[PDB]
């Protein structure tokens, strides 16, 4: 007969549905594709496509809602067909605007806005953007909005994807990248002190650096303080021009271009 046959949706999107039907043998002038929400009194929308084309994309919809789509075949110059109709639900919406709230050498913390759809939970994946590493997966409850992914590697750009979970399908991921910082220098050991000098050695972190920054400040007394920039191939420092009988805090920051380590700190007093 003249009714279209085997109407189905072939691709579902939070905002769009792609439908297709069987092209009839004798040519049709044009089709009438009405669509509206299943059980909603808001006005139905409708558009036409030429008889040559056997597919249609319905755009500008809402996510996670059931739609009824109806197709008519027009032949006159008019004369309409019997309606063929299907119902389908759009894909649930994704969370939005993710924030990175904390970045360390082995973890990244993120916060996101909840999806608008009803959600049963979240699935969060973390994988390196370029280096072919493993994909870590963590699950969050429906009312959760923040997560910390531990077990990461230093100065690695990670891709963090958040998926909203729902029985009627899972959302598309909310995606954000972040770079972990560098480990701190280990075992800041003070080796020697003189009236005006200070000598400190440390263990370097386990990633290649661009240099070090050392700063020494008196804790309770006041006077000039010192900052020193070191080469990456440094395991010790000697800071001169200090004051006698002074409590000096010493901190060493590892540097990798824009990446700054958390300090290895200690305090020591100069000789009498």
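Positions refer to the first chain, counted from 1.
**Q.** Continuity check for residue 77 and residue 78, given as deposited residues lacking coordinates between them
**A.** 1 to 3 residues lack coordinates between residue 77 and residue 78.
Q | Mean temperature factor over C-alpha atoms, higher-scoring stretch between 174-182 and 124-132 | A | If you average the C-alpha B-factors of 174-182 and of 124-132, the larger mean comes out for 124-132.
Q: Would you determine, from the values in the PDB entry, which of 78-86 and 190-198 has the greater average C-alpha temperature factor?
A: If you average the C-alpha B-factors of 190-198 and of 78-86, the larger mean comes out for 78-86.
(Q) Just the C-alpha B-factor column, please: which of 63, 218, 211, 241 has the biggest number? (A) Spelled out: the listed residue with the top C-alpha B-factor is 218.
(Q) Out of 57, 203, 27, 234, whose C-alpha atom has the biggest B factor in the entry? (A) Largest recorded C-alpha B-factor: 27.
**Q.** Record-listed C-alpha B factor of residue 230: chain third
**A.** Answer is lowest: the recorded C-alpha B-factor places it there.
Q. For residue 164, does the deposited CA B-factor place it in the lowest, middle or highest third of the chain?
A. As the PDB entry reports it, the C-alpha B-factor of residue 164 lands in the lowest third of its chain.
Q. Comparing residue 10 with the other modelled residues of its chain, is its CA B-factor in the lowest, middle or highest third?
A. Tercile = lowest for this residue's CA B-factor.
**Q.** Within-chain third of residue 104 by Cα B-factor, per the entry
**A.** Lowest third of the chain for residue 104's C-alpha B-factor.
Q: Classify residue 110 as lowest, middle or highest third according to the C-alpha B-factor given in the PDB entry, relative to its own chain.
A: Answer is lowest: the recorded C-alpha B-factor places it there.
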